[PDB]
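In what follows, a single structure is set out as structure tokens and then discussed.
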Amino acid sequence: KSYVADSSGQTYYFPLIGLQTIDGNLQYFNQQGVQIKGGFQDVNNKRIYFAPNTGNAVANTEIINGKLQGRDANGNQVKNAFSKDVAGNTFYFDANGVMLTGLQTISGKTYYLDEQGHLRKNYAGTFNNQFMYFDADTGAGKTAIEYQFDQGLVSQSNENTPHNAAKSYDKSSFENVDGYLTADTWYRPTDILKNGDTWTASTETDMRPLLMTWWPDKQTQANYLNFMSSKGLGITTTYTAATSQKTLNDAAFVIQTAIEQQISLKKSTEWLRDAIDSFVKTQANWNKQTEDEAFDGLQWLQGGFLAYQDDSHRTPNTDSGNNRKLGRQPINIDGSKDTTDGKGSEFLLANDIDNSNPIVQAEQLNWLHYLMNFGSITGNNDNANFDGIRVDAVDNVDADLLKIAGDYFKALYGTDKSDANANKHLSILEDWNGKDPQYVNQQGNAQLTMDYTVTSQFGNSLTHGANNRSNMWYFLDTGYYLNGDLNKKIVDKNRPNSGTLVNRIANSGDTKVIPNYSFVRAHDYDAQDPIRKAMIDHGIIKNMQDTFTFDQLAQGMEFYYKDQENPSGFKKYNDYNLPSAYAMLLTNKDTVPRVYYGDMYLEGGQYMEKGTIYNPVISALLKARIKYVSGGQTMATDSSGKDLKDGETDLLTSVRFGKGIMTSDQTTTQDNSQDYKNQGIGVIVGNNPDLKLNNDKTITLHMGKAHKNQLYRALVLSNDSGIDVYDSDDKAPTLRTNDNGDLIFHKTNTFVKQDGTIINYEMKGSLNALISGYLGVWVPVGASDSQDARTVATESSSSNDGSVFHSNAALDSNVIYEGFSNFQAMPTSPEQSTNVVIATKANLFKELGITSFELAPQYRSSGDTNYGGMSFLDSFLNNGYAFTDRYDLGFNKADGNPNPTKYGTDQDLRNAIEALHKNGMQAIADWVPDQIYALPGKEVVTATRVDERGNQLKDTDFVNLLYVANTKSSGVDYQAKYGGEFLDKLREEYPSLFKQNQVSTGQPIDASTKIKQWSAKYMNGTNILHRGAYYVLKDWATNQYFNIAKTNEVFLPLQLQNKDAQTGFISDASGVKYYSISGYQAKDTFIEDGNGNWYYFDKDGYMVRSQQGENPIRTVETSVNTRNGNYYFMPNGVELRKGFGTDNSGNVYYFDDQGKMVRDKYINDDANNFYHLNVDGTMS
Ligand SMILES: OC[C@H]1O[C@H](OC[C@H]2O[C@H](O)[C@H](O)[C@@H](O)[C@@H]2O)[C@H](O)[C@@H](O)[C@@H]1O
Ligand SMILES: OC[C@H]1O[C@H](O)[C@H](O)[C@@H](O)[C@@H]1O
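Throughout the sequence shown, residue numbering follows the entry's author numbering, covering 239 to 252, 258 to 1016, 1017A, 1018 to 1423 in sequence.
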């Protein structure tokens, strides 16, 4: 007794044969038992059609001879009736079986069938030379002469009106924001029906919800009544917008009575606050349904953005003084790409700060100063100050901030004077755009660009994917040379701007190159997604944007760790070949490499709690970098392209020569220094774990003619169970270079230890947790214990080019450590806080050659606070990127008690910074100017719904609407204490910083105004807060928003002022008029009746309606611009929607879901009919 489907999809029911009716559905099965689907089959004397997927019997039409015929569900042909086809079209067939066409009267009703014989529903036309609307239900012609609105003009005032009216028309008696009212506003009524018995004058604390007494429309009123009924306040009820106004008002009062009884019973109103809050979120105008939540682009993070507008008439506190330039990223600093995808994605997260405003620019510099002098200012400790910065989210802010930061460092530290000054304040950019490197270099390299081209290639060739990987050949970028000729090496001057940033095929330091940092992973690259995919994969969460708890994170982390360390060698979430990647990263010339905490220690749990399996290898590479890495570079592959010839291995060989050795063939230094002889390094790496060499094949490392006949020993060698690490010359296998300086390797190798036994080793691809491919690193034997191959930076003015950083051996001697993970657990104890640990362990990083320590952002997390909209992981994981107070870096509570960040107190931070200076390392401050989270104070902004670049969404009604945002800072926080304080001192000492014009604005920064308190006027926008398009209350009739700010310009519903509010439709000799629930006449506005029909009322206050012999199509231009367009109003004023309408001359048009005419496009139908609309609107 079940259906089963085959591999093909044929279906049996156990098998039944012939005509049968399993579960009441008529089906036909062939003699072999297969279920008939999507065809006419003949059973008995009646032909039946069976449906495509279900196989159930249904009406259908087929063409017999040349005439359409109709077949019903029972297989009988249809005569004198309507019958459908599978597509969904209805036809009518006469007594002779033949389909009818055109205008037809049957059974005393008139239907319109088009040429194809399709019954047309929701179709307006002058059919009999007289208007006729064909029903949406059955297609039956009505004259559309009867008015469909059910609500006549009625007065609402009665004996309770003066009691429930507002005590006062001002901020005393009305909960409000900037004067405006909200759905969840409570107010002070004149009197209170205490206990449902006796009316008594109200006391100032006797506040009541506005929704107890007033509603924006009948739909909302009916929903309120039904909702409150369901909570014990009434016998559960169903009311509709169609219910009479009188009945709804009476029912509101019986609910009011019941409410006052439960207030007396509970002696509280908090239960009601929660009931109203809940109810309000139920309504679409007061929730995200009217906010157009979307997830494409950066909207993926939080669900969509609102851009604030400069609107001095309604919302003047929120005006930006014409300073809200969006998307001025480096490539668009001047707005010249505003109309293209080259406009920057200004909106990223939370409240987006307006960094195009000179006043805000000054404040960002104040903050920058505070960070670079944090120790001096907060502990009077001149050794506890940050040395350099990381600029977060470069492409999501105004690029002026780069110049501001650059020039500040020039002024205060003379970074443009020497490499020693510059390199004492190492500064990096998170600048992802592929054209940022060239911009950064044109602007003098004030901060180091990242080099994504190399990070990307690690992804393709090693780091990503179990198998199909780009060849190691791609690391060379041979196109750099003309014709890709590795023999002739003529640089291609006319190259297409496509390639890796720094060529390393034969890098002798002779050509100028763009200084940069590079990495394999980051706190925000190849971490956050895998870690979440793992949680999703094990059912811990459902979505990437899902909120998770720390325990949820801990459980997921256990699977992540299990996958990372899998002995199989396969990795589902984690990256492959990280050792091999680091080997290349750490040997490359002309880069400052950066190392990720999470490749050295586990990304979760406690800080430095447990090393990763990669730790030993990376640690060795790092120490070897200090000893051996210097001089020129070469790089080659046993490969010529995408595809491999017979002998070819695609094994990459990277070499460094030693201090002053720049070339393969250079035999000695120009200054006759000897340091080079025991320096240099050789790296061999493969991406093929199933690699086997031919017996003939030999693989060579050209260590250089400065290293003829020299003995080399292994640092690191891969094998089938792991990667061996050799700590000193004695414990490793040796091998000697030939006369030309080449180390030769074969399929089979017999190496000898310098002293001790022989060793056997195969050039063999391996597969295990540490590698999927090959890795060999070789170093010269005889290296001193204190050997240091690094170059000190020079104090002389090397360059008059104006530039700050220069890619050279001194810059290359640096190493940045990104020393945190976003997924660290919260400290279990004060002693295990990241910054305490960093202080005790500073030593360890000095010996790995770290010259600059990139610390996590130290700002106080906004945490679980959430005023609306989607929370982001930065906030609930307390990682420091999401913060309320920019100057609170772990200060104590005002009561004296400790109040650490996730990383510890402010003292812990100053101690951590000092400890790094005691060990000769710099400390990097994360500068995060793009946004700020969870501001506790509300303001009313004028907002438009936009995508990441601040462009209005295409099909949105959310345009210039009033919205309550959380934009105002407490005014009593550390932003209030330290805001703008250091600027005056700075203007006095370095006037030019304050006189220099910025590019995007034409203006200099403006310190004449200090920011102690944030507010909307300094913001570009916000992520959508799920409050609704009309949470700020508005009268539908006049479209004016209620307000009580100034007694001269009050606007309230008339009930609340104890005046008479009449509401409904009323006819007069001229036409039909409408009065809203608040008692105002509708003018120049669209109005919806209780049955769902829509009407437009013109300037004069009269419903628009079509006349006989005239065009029913009318052009509407309203106060509400988004609704402008061409509409089709019938004689009873009803707007045609989602259907075709004929004009007086016989032309057909189509009108959409919302009544607007559609032009210049194709349009589809539920029955699969296609139509075209010309530009003038007509239907071809
Ligand atoms: O991203 C740096 C990269 O740029 C070019 O190659 C791009 C891309 O070429 C194909 O799509 C391959 O499938 C990828 O692996 C390459 O990344 C340069 O040709 C390449 O040398 C360089 O690494
Ligand atoms: O619901 C289970 C379904 O299995 C199949 O796909 C059969 O064709 C269908 O008749 C049935 O209802």
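Beta carbons: idealized from backbone N, C-alpha and C, even for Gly.
Check                                                                                                                                                                      : Outcome
Between which two residues does the alpha helix (DSSP H) containing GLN771 stretch?                                                                                        : 771 to 780
Can you give the Cα-Cα distance for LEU669 and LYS885, rounded to whole angstroms?                                                                                         : 38 angstroms
Going along the chain, which residues put their C-beta within less than 5 angstroms of some heavy atom in ligand 1?                                                        : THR696, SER699, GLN700, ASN703, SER713, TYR717, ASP720 and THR743
Would you grab the beta carbon distance between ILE576 and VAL1242 for me? Rounded to a whole angstrom, and I think it's under 8 angstroms.                                : 5 angstroms
I believe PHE548 touches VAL1189 by the beta-carbon criterion, under 8 angstroms. Please report the beta-carbon distance rounded to the nearest angstrom.                  : 5 angstroms
What is the rounded straight-line gap between the Cα of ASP328 and the Cα of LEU1295?                                                                                      : 56 angstroms
Under 8 angstroms: do the segment 281 to 299 and the segment 311 to 318 share three or more Cβ pairs, one atom per stretch?                                                : yes
If you measure between the beta carbons of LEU644 and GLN1305, is that distance less than 7 angstroms?                                                                     : no
With hydrogens ignored, establish whether the beta-carbon of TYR292 is closer than 6 angstroms to any heavy atom of ligand 2.                                              : no
Just to confirm the assignment: which complete alpha helix (DSSP H) runs, minimum length 4, are found wholly within the segment 872 to 942?                                : none
Helix, strand or coil for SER1388, going by three-state DSSP, please let me know.                                                                                          : coil
Report yes or no: do the segment 434 to 445 and the segment 502 to 509 share at least 3 C-beta pairs separated by less than 8 angstroms?                                   : yes
Closer than 6 angstroms by C-beta to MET800: which residues in its own chain qualify, once you throw out the five before and the five after it? Chain order, please.       : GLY847
What separation, rounded to the nearest whole angstrom, lies between the Cα atoms of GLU891 and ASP881?                                                                    : 6 angstroms
Could you work out which residue in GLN876, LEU960, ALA537 and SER1105 is closest to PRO1179 when comparing CA atoms only?                                                 : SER1105
Just checking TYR250 against ligand 2 - is the residue's beta carbon closer than 6 angstroms to any of the ligand's heavy atoms?                                           : no
Kindly confirm or deny that the segment 891 to 903 and the segment 817 to 834 touch, where touching means at least three C-beta pairs closer than 8 angstroms.             : yes
Going by DSSP, which residues form a beta bridge with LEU356?                                                                                                              : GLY345 and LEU362
Please check the pair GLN1298 and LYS1255, which I expect to be a contact at CB under 8 angstroms, by giving their CB distance rounded to whole angstroms.                 : Not a contact, Cβ separation roughly 42 angstroms.
Just to confirm the assignment, what range does the beta strand (DSSP E) spanning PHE1201 have?                                                                            : Unbroken run through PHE1201: none, as it is neither H nor E.
Taking the Cβ atom as the reference point for each residue, do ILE757 and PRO680 lie within a distance shorter than 7 angstroms?                                           : yes
Which residues mark the beginning and the end of the beta strand (DSSP E) in which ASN1369 is found?                                                                       : 1368 to 1371
Spell out the partners DSSP gives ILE291 in its beta bridges.                                                                                                              : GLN284
Output needed for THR480: all residues of its chain with C-beta closer than 8 angstroms, excluding positions within five of it in sequence on either side, in chain order. : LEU468, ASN469, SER472 and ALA494
Can you find a heavy atom of ligand 2 that lies under 6 angstroms from the Cβ of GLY298?                                                                                   : yes
When burial is assigned at 16 or more other CB atoms within 10 Å of the CB, is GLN359 buried or exposed?                                                                   : exposed
Rounded to the nearest angstrom, what separates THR906 and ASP753 at their Cα positions?                                                                                   : 11 angstroms
How many Å lie between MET778 and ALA1177 at the Cα?                                                                                                                       : 27 angstroms
Please indicate yes or no: does the CB of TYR241 lie closer than 6 angstroms to some heavy atom of ligand 2?                                                               : yes
I'd like the ranges of any alpha helix (DSSP H) spanning at least 4 consecutive residues and lying wholly in the segment 1101 to 1137.                                     : 1116 to 1119
How about the segment 1224 to 1244 and the segment 1141 to 1158: do they share at least three Cβ pairs that are nearer than 8 angstroms?                                   : no
Would you mind working out which of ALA1410, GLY1264 and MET1400 sits nearest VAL1418, comparing C-alpha positions?                                                        : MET1400
Could you spell out the range, first to last residue, of the alpha helix (DSSP H) harbouring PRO822?                                                                       : 821 to 828
Buried or exposed: where does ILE987 fall if 16 or more other Cβ atoms within 10 Å of its Cβ makes it buried?                                                              : exposed
Can you tell me whether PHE252 is buried or exposed? The criterion is at least 16 other CB atoms within 10 Å of its CB, across all chains shown.                           : exposed
Give a yes or no on whether the C-beta atoms belonging to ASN921 and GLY1025 are separated by under 7 angstroms.                                                           : yes
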